[PDB]
Structures are given as C-alpha cells and as structure tokens.
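One chain is shown next in structure tokens, namely the form solved without thymidine-3',5'-diphosphate (THP).
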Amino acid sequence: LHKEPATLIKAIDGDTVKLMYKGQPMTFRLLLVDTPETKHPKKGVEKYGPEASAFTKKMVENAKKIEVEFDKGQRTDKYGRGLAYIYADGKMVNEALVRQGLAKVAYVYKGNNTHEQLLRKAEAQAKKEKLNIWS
C-alpha cells in the first residue's frame, strides 16, 4: 500500500471525513471500522456516537499531516465515498478508534483486508479493558 497526502476540509462523523485529495474535495469512509453514528437514519444518536465523532475530529483537526492509504480492493462505495485508512501524523485513525473502544471492526469489504488482523488485535484489547462501547 502507498500513503498519499491529503488536506482536511471537514470531519463529518466518527467514520467519515471530507478531505482534499489530489486537488479535489472528496468524502472518505474509514475502512474496516463501524462507529456509533450521530447521523443515522433511525436511532438518531447512538451511544458513544458523539464520543467517536469528537475523537475522530480531534485527531484530524490537530494533525500537521494527513495521509490517505487505499487498500487493494474496491476504492469507492456505492455512495461515492473513498474507502481508505487515514493517518494523522503517522498514526492510523482507524486503529486508534478501535483501540480506544470507540468502534468495532467491520466485516471485510470487497478485497479490502490488509489491516484486518492489526485492527482485530486492537479490538480484542479494547474489549479486555472494557473500554467505552465494551463497558
């Protein structure tokens, strides 16, 4: 995989960020994670959804460098969002969320599984520590 530079435009949700990527604005869905949503069709505000959202926002808003890493499977979803791992000062946001107990690992989507093990390990640890969603 190759890390590419991007610039924050806006963090939308725990699982979604809008970035400037190769000169054009684009919505990115973070790969392999499911966060509680703030912008859910029904249920509206799920528990820990506002915590996950603020976590993602804080991480990308305070970074001096954002990088996007596409995986080797499909790169956009049916809503047009890019499917990627996002890094803030070298730290993977997708992993930080799971490790903090603020997301679960999602099922693999269309060949995109490069960091699944890494993430599943982070999740097991968060469950063991009974953090946040796992409390």
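Numbering starts at 1 and follows the sequence shown.
- Once the C-alpha B-factors are averaged per stretch, 104-112 and 85-93 rank with 104-112 first.
- Relative to its counterpart among 35-43 and 75-83, 35-43 has the higher mean temperature factor, C-alpha atoms as listed in the PDB entry.
- Of the candidates 26, 63, 68, 30, the one whose C-alpha carries the top B factor in the deposited record is 63.
- Annotation for residue 17: CA B-factor lies in the lowest third of the chain's modelled residues.
Form deposited with thymidine-3',5'-diphosphate (THP) bound: not shown, discussed below.
- Interface residue among 69, 95, 51, 34, judged by heavy atoms within 4.5 Å of thymidine-3',5'-diphosphate (THP) in the bound PDB entry: 34.
- A residue is said to contact a partner when one of its heavy atoms sits within 4.5 Å of a partner heavy atom; residue 77 meets this definition for thymidine-3',5'-diphosphate (THP) in the bound PDB entry.
- Proximity of residue 81 to thymidine-3',5'-diphosphate (THP) in the bound PDB entry falls within the 4.5 Å heavy atom cutoff.
- Put simply, residue 29 is close to thymidine-3',5'-diphosphate (THP) in the bound PDB entry: some heavy atom of it is within 4.5 Å.
- For the partner-free chain shown, 107, 109 of 106-124 come within 4.5 angstroms of thymidine-3',5'-diphosphate (THP) in the bound PDB entry, judged by any non-hydrogen atom.
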